[PDB]
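Number of protein chains: 2
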Amino acid sequence: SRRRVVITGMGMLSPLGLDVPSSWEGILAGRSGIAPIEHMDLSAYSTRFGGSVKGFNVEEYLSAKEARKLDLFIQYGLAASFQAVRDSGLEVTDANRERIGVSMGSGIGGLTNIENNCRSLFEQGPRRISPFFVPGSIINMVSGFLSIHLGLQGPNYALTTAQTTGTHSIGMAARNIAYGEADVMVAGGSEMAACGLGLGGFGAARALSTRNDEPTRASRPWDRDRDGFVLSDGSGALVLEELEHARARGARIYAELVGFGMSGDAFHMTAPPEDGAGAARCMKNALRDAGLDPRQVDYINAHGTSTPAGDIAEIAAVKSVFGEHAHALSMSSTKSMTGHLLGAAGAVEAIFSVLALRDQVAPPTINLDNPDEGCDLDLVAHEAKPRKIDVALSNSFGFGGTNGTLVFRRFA
Amino acid sequence: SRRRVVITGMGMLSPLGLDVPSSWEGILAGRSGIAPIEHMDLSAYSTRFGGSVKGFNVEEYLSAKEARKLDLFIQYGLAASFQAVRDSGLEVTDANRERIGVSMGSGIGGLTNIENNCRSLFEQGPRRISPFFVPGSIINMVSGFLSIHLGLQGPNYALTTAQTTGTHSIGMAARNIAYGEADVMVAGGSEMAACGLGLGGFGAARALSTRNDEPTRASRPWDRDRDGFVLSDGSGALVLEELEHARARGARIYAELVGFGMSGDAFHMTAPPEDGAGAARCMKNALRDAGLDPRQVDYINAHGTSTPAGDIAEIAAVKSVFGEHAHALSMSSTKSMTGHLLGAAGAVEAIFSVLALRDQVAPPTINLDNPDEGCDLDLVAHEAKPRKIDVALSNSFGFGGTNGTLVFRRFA
Ligand SMILES: c1cc(-c2ccc3c(c2)OCO3)n[nH]1
Ligand SMILES: c1cc(-c2ccc3c(c2)OCO3)n[nH]1
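Chains as they are written, first to last, in the entry's author numbering: chain A, 2 to 413; chain B, 2 to 413.
In structure tokens:
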């Protein structure tokens with residue numbers, strides 16, 4: 002019968018920092034992590050900036066020997082997972098290793114590695130494809146490599162639900178624990194889609210901001226002058242743990258995960274419906290799961306991608322779910338600062354939602370100069386808002402019309 | 002307490018046929034689906050054969066327009082899903098669409114599309130990349146396009162656990178139903194990795210059979226002369242349905258899904274441990290989930306990839322779990338005939354496991370001319386074996402040491 006799930010550790014790489022506290026400092030100061038991309042030449046691309054991880058040192062985590070075989074998205078996911086496990090104080094033993102699993106996902110996985118191996122195949126033939134190509138690129142290898150390195154023998158899997166991946170990964174891992182399949186899960190996501198195919202592919206869709214001349218102002222969720230999402234890289238990982246298991250070892254508990262919701266829009270492969278009907282069904286599912294009155298929601302970390310249709314669909318969903326209470330809660334998009342980490346977006350934003358609870362502060366939506374038609378909620382424009390937060394909601398929406406919602410609340 | 006889950010519809014593309022009954026006829030007749038790959042210069046490659054889908058007609062399912070937008074692995078996953086839903090007789094309505102979800106996975110997803118868009122990018126720069134590249138390639142678009150086409154609004158997600166994907170997809174879909182989030186799930190996987198990058202990537206790891214002279218004899222699980230797996234394409238989809246929901250509409254019920262187990266080896270990135278300790282924990286977990294004693298198992302659909310290390314680990318795991326019953330059950334690898342459909346393997350093998358129950362027959366392990374050292378179990382060498390099958394297991398073991406086991410039982 003259903004057990005309670007708490008957050009005992011968190012880990013992050015973001016455009017704002019190489020761990021959680023440095024990233025969070027940036028979030029509260031309204032700092033942008035968006036900058037012209039340096040790691041390749043983008044003059045032929047319509048978008049030439051993004052949220053890069055700056056000065057990532059893989060030798061903090063892994064031998065250069067192991068690191069050379071692994072796509073950046075895996076290195077990022079391992080870095081966040083190691084931070085989270087360390088942060089939790091958990092010790093893996095013969096007695097508990099069968100009860101500790103991992104669910105680290107990605108939307109696009111090792112696209113850089115695939116691209117580089119395609120260049121080898123085309124220029125030099127199949128004999129120049131790396132022996133490590135497959136195991137070094139495929140999305141489940143964060144879960145695989147973490148399990149091997151720490152000896153985790155519990156449920157081992159990976160989700161890929163595009164921009165919903167991080168949220169789904171954390172929610173479903175919570176279900177493993179809640180219904181007895183595990184006592185501990187490392188869950189979240191990682192992404193490094195900043196290669197020609199990624200920047201080119203999203204550019205071909207006309208889905209990215211093309212504000213090349215002012216990249217820090219590009220991500221402007223709900224602003225009347227928004228022109229698409231900013232592509233960003235990184236990872237979030239949380240250690241989820243059964244409550245009595247956490248209490249028994251004297252674990253520090255950041256917050257409790259009380260609700261998870263899933264729904265499909267069944268509308269369009271890439272566009273959300275204008276009324277946010279699927280997002281609304283998903284949040285209602287999460288709130289019922291948490292046994293909450295919707296008026297208990299204090300803070301929503303929006304998906305808030307800075308797309309014309311996405312941002313307005315979220316306002317409509319929130320008004321539909323919360324009615325007049327929509328005007329009392331605070332909703333912000335931290336993508337205003339971080340840009341869109343795709344399959345890692347829900348993971349880093351779940352962490353920001355837990356830290357909004359710990360610190361009693363709504364992070365800002367930066368660049369919200371001229372709220373668009375109907376964007377008349379408290380969107381925490383420009384500056385962090387200290388306020389009472391008992392219950393925090395994190396939303397994600399993705400290609401295929403796939404929605405996820407997490408509900409966190411303070412733990413007493 | 003927990004709801005019961007039954008199988009009411011199945012769908013498939015495999016190297017043996019363009020649907021379930023044609024595929025199953027091939028299996029019971031010991032037919033091989035393996036042949037030299039066509040319309041592709043494989044001169045430079047060490048492996049020039051595999052399990053192709055032959056004569057697939059996507060316009061039975063999709064318009065020309067919508068098929069041009071979707072990688073083959075998506076076309077395949079949609080063909081199996083449409084088949085399964087048609088086979089179930091289910092009627093989608095406004096009253097039930099919120100209770101119907103999708104979990105169709107893939108190990109690698111749209112490699113063919115990635116290869117073709119790489120060519121455009123390298124030859125002509127980013128502006129020639131298809132606008133539909135991303136949504137036409139990413140792994141969650143079978144779940145996405147299926148939900149949009151049929152108006153399915155329930156849980157929408159996608160697993161990617163390499164060669165375990167199809168087993169995990171069905172087991173986790175079964176949990177959605179058992180725990181009351183959905184009444185129906187379409188679940189399974191699809192794969193089309195037979196492009197240069199696929200054949201080249203596995204080839205560079207030297208994980209494929211190079212028996213180019215005798216392709217139909219290449220896949221030979223537990224045979225002393227095996228030299229790695231055979232790469233195959235296709236899809237499996239099952240309609241999973243809550244028992245009372247199926248009975249209330251007079252659904253034909255093929256079998257009951259009674260058990261799902263997961264585990265991680267936490268051993269190696271690509272090889273299982275010698276003793277199959279991980280596969281053994283996973284089978285014990287699935288049997289405990291089903292409330293069944295090992296003695297009650299009659300038939301096992303092995304992973305049985307034809308790798309030196311993998312085949313012998315599964316013998317060790319079955320002897321460990323089953324002890325004095327290990328010789329009385331029948332265990333066969335249908336990969337002897339289909340080859341290895343990677344993320345779709347667990348999907349088509351769950352279907353073969355359900356049909357072994359329906360028809361009371363253990364499919365053969367073909368090419369098993371000379372069992373290897375300690376491969377002395379009933380491996381159903383050469384020809385199908387009619388027998389009592391009340392309980393059937395389907396195992397998958399993948400890169401990352403990720404393990405899944407499904408337990409099916411006869412329904413009355
Ligand atoms: C568009 C499609 C993809 C893609 C497709 C399949 C995948 C994947 C990435 O990495 C895993 O195998 N990335 N961008
Ligand atoms: C693995 C997944 C689940 C699951 C799935 C869906 C659910 C749920 C539990 O509780 C409410 O909706 N349990 N074990």
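Beta carbons are placed, not taken as given, at the ideal position from N, Cα and C, and that holds for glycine.
The alpha helix (DSSP H) enclosing residue i, as first and last residue numbers
| i | result |
| --- | --- |
| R87/A | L73 to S89 |
| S170/B | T166 to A179 |
| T113/B | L112 to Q125 |
| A278/A | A278 to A291 |
| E350/B | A346 to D360 |
| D312/B | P309 to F323 |
| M142/B | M142 to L151 |
Residue i versus residue j - alpha carbon distance
| i | j | result |
| --- | --- | --- |
| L153/B | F261/A | 19 Å |
| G106/B | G277/A | 26 Å |
| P22/B | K55/B | 15 Å |
| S33/A | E182/B | 39 Å |
| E61/A | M142/A | 19 Å |
| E243/B | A249/B | 10 Å |
| residue 1/A | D370/B | Past the edges of chain A, shown from 2 to 413, lies residue 1/A, and the structure says nothing about it. |
| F400/B | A175/B | 23 Å |
| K66/A | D294/B | 45 Å |
| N286/B | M263/B | 7 Å |
| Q125/A | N117/A | 12 Å |
| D373/B | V319/B | 16 Å |
| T306/A | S131/B | 22 Å |
| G190/B | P273/A | 25 Å |
| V135/B | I139/A | 16 Å |
| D88/B | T161/B | 26 Å |
| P216/B | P364/B | 20 Å |
| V6/B | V349/B | 18 Å |
| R207/A | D184/A | 44 Å |
| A179/B | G344/A | 27 Å |
| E257/B | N114/A | 42 Å |
| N396/B | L112/B | 26 Å |
Proximal residues of chain B, C-beta to C-beta of residue i below 7 Å
| i | result |
| --- | --- |
| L122/A | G197, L198 and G201 |
| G108/A | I139 |
Residue i: contacting residues in chain B (beta-carbon distance under 9 Å)
| i | result |
| --- | --- |
| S144/A | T162, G265, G401 and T403 |
| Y77/A | Here the premise fails: no neighbours, minimum Cβ distance about 17 Å. |
| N118/A | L198, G201, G202 and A205 |
| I149/A | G265, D266, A267, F268, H269, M270, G401 and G402 |
Neighbour list for residue i in chain B, Cβ cutoff strictly below 8 Å
| i | result |
| --- | --- |
| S64/A | Simply none; closest approach about 14 Å. |
| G102/A | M263 and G265 |
| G279/A | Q154 |
Under 8 Å by beta carbon: chain A residues contacting residue i
| i | result |
| --- | --- |
| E99/B | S264 and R282 |
Residues that residue i contacts on chain A, provided the C-beta gap is smaller than 9 Å
| i | result |
| --- | --- |
| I115/B | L112, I115, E116, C119 and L198 |
For residue i, the first and last residue of its enclosing beta strand (DSSP E)
| i | result |
| --- | --- |
| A36/B | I35 to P37 |
| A256/B | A256 to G265 |
| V6/A | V6 to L14 |
| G190/B | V185 to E192 |
Check: If contact means a Cβ-Cβ distance below 9 Å, which residues of the segment 152-166 of chain B contact chain A?
Finding: Going along the segment 152-166 of chain B in chain order, one finds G152, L153, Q154, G155, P156, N157, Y158, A159, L160, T161, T162, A163, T165 and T166 with a Cβ nearer than 9 Å to chain A.
Item checked: Members of the segment 167-181 of chain A near chain B, C-beta cut-off 8 Å -> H169, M173, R176 and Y180
Item checked: Where the segment 245-276 of chain B meets chain A: residues whose CB sits under 8 Å from a CB there -> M263, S264, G265, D266, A267, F268, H269, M270 and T271
Notebook entry, point to check: At a Cβ cut of 9 Å, what residues of the segment 126-142 of chain B count as close to chain A, listed as they run along the chain?
Noted result: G126, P127, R128, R129, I130, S131, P132, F133, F134, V135, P136, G137, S138, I139, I140, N141 and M142
Item checked: Inter-stretch contact (C-beta, 8 Å, three-pair minimum) for the segment 239-257 of chain B and the segment 211-226 of chain B -> no
Margin query: Taking beta-carbon pairs under 7 Å, can you tell me which members of the segment 323-350 of chain A lie near chain B?
Written below: With the criterion set as a beta carbon lying under 7 Å from some beta carbon of chain B, the segment 323-350 of chain A has no members that meet it.
Next item on the list: May I ask you to verify whether the segment 9-18 of chain B touches the segment 78-93 of chain B, counting CB pairs closer than 8 Å and requiring at least 3?
Entry: These segments touch.
Check: If we count Cβ pairs, one from each stretch, closer than 8 Å, do we get three or more for the segment 383-390 of chain B versus the segment 225-245 of chain B?
Finding: no
Notebook entry, point to check: Taking Cβ-Cβ distances below 8 Å as the criterion, which residues of the segment 37-60 of chain B are in contact with chain A?
Noted result: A45 and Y46
Checklist line | Sufficient close CB pairs (3 or more, under 8 Å) joining the segment 164-180 of chain A to the segment 39-59 of chain A | finding: no
Next item on the list: Determine contact between the segment 195-207 of chain A and the segment 38-52 of chain A, defined as no fewer than three beta-carbon pairs at a distance below 8 Å.
Entry: yes
Notebook entry, point to check: Between the segment 337-349 of chain A and the segment 24-42 of chain A, do three or more beta carbon pairs fall short of 8 Å?
Noted result: yes
Next item on the list: Give a yes or no on contact between the segment 93-110 of chain A and the segment 88-102 of chain B, applying the rule of three or more CB pairs nearer than 8 Å.
Entry: no
Notebook entry, point to check: Any chance the segment 348-362 of chain B sits against the segment 307-326 of chain B, with 3 or more Cβ pairs inside 8 Å?
Noted result: no
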